[PDB]
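Student: Quick note, the sequence shown lines up with residues 1X, 2X, 3X, 4X, 2 to 205 if you use the entry's author numbering.
I'd like to ask you about the structure that follows.
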Amino acid sequence: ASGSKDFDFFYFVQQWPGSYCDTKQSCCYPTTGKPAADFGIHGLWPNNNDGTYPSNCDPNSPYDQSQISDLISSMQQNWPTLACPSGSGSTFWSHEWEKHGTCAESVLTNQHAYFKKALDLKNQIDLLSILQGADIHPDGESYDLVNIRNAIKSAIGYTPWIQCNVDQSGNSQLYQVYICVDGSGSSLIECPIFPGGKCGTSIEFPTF
């Protein structure tokens, strides 16, 4: 990012809950119930074109849920936390704003605009539907990494980045999908750079 531009673009990252709840650690359900079996938002992260990113940028603007009271039921459905201990979600959302949303205050000027941007992005990138449409289902099969990639790329027109983790038995599985968004927050772009990590050739899609 040069000049007075704070950062170069965003990753918009969604997570599959079945690969959060099959690992060596316990996941917990939030207090509104087991979530729907769908990708959820992990976060919308400002990032730069050298692989670095801004973080914790404004400690004088702590998260304030009364500013996003109109979004909360959408946030309950589409951005649930599965970390322990069971909670309403506010811990997770507080954490995303403080670490990451505070660094996008140049473009997305207040909390409400930040959270509403991530919910509008989820609503146009339906990953499940896209995958299902290519016959790729969370049914515990292993699928070739190239097919999942090409299915998303054919549907949205930009290449996603797939991050894997490993389940309790050590098997490499579909964890999170990152799509990139321009520095304005207005449109999908090809990522300028991709994060590190390894998936290997064939990966599970766990049931949830």
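Where a beta carbon is used, it is the ideal one built from N, C-alpha and C, also for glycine.
(1) Taking the continuous beta strand (DSSP E) assigned at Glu201, which residues delimit it?
(2) Check whether the Cβ atoms of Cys161 and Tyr175 sit closer than 8 Å, and answer yes or no.
(3) Look at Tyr17 and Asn44 and say whether their C-beta atoms are less than 8 Å apart.
(4) Just mark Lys114 as buried or exposed, buried being the case when its beta carbon has 16 or more other beta carbons within 10 Å.
(5) Opposite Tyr111 in the DSSP bridges: which residues?
(6) Taking contact to mean 3 or more Cβ pairs, one atom from each stretch, closer than 8 Å, check whether the segment 99-115 and the segment 40-60 are in contact.
(7) Using alpha carbons as the reference points, say which of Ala101, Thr88, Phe191, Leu124 lies closest to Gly180.
(8) If you draw a straight line from the C-alpha of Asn46 to the C-alpha of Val178, how long is it?
(9) Suppose you measure from the CA of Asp55 to the CA of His97; what does that come to, to the nearest Å?
(10) Helix, strand or coil, according to DSSP, for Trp90 in the structure here?
(11) What are the uninterrupted segments assigned as beta strand (DSSP E) that are 3 or more residues long and contained completely in the segment 116-201, given in chain order?
(12) Is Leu68 helix, strand or coil when you go by DSSP?
(13) Does the Cβ of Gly3X have 16 or more other Cβ atoms within 10 Å, making it buried, or fewer, making it exposed?
(14) Anyone know if the C-beta pair for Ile153 and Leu185 falls short of 8 Å?
Tutor: According to the structure shown:
(1) On the sequence shown, residue 201 is found 204 positions in, with the first residue counted as 1. It spans 199-201 - the beta strand (DSSP E) in which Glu201 sits, taken as one unbroken run.
(2) By one-based count along the sequence shown, residue 161 stands at place 164. By one-based count along the sequence shown, residue 175 stands at place 178. For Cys161 and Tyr175, no; Cβs fall outside 8 Å.
(3) Walking along the sequence shown from the start, residue 17 turns up at place 20. Walking along the sequence shown from the start, residue 44 turns up at place 47. Not closer than 8 Å, so no.
(4) As a working note, residue 114 is residue 117 in the sequence shown. By the neighbour-count rule (16 or more Cβ atoms within 10 Å), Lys114 is buried.
(5) For the purposes of this step, residue 111 is taken as the residue at position 114 of the sequence shown. Bridge partners of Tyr111: none, in fact.
(6) Touching, yes, given that three or more Cβ pairs across the two stretches are closer than 8 Å.
(7) Numbered from 1 along the sequence shown, position 183 holds the residue referred to as residue 180. It is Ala101 whose Cα lies nearest to the Cα of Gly180.
(8) The sequence position of residue 46 within the sequence shown is 49, counting from 1. The sequence position of residue 178 within the sequence shown is 181, counting from 1. Answer to the nearest angstrom: the Cα atoms are 13 Å apart.
(9) As a position in the sequence shown, residue 55 is number 58, starting the count at 1. As a position in the sequence shown, residue 97 is number 100, starting the count at 1. When rounded, the distance between both Cα atoms is 10 Å.
(10) The sequence position of residue 90 within the sequence shown is 93, counting from 1. DSSP places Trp90 in helix when its eight states are reduced to three.
(11) Counting only runs of 3 or more, we get 139-141, 158-163, 169-179, 199-201.
(12) Counting from one through the sequence shown, the residue named residue 68 turns up at place 71. Residue state, collapsed to three classes: helix.
(13) As a first step, residue 3X must be located in the sequence shown, where it is residue number 3. So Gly3X counts as exposed.
(14) Sequence index remark: in the sequence shown, residue 153 carries index 156 (1-based). Sequence index remark: in the sequence shown, residue 185 carries index 188 (1-based). It is a contact, given that the beta carbons lie within the stated cut-off.
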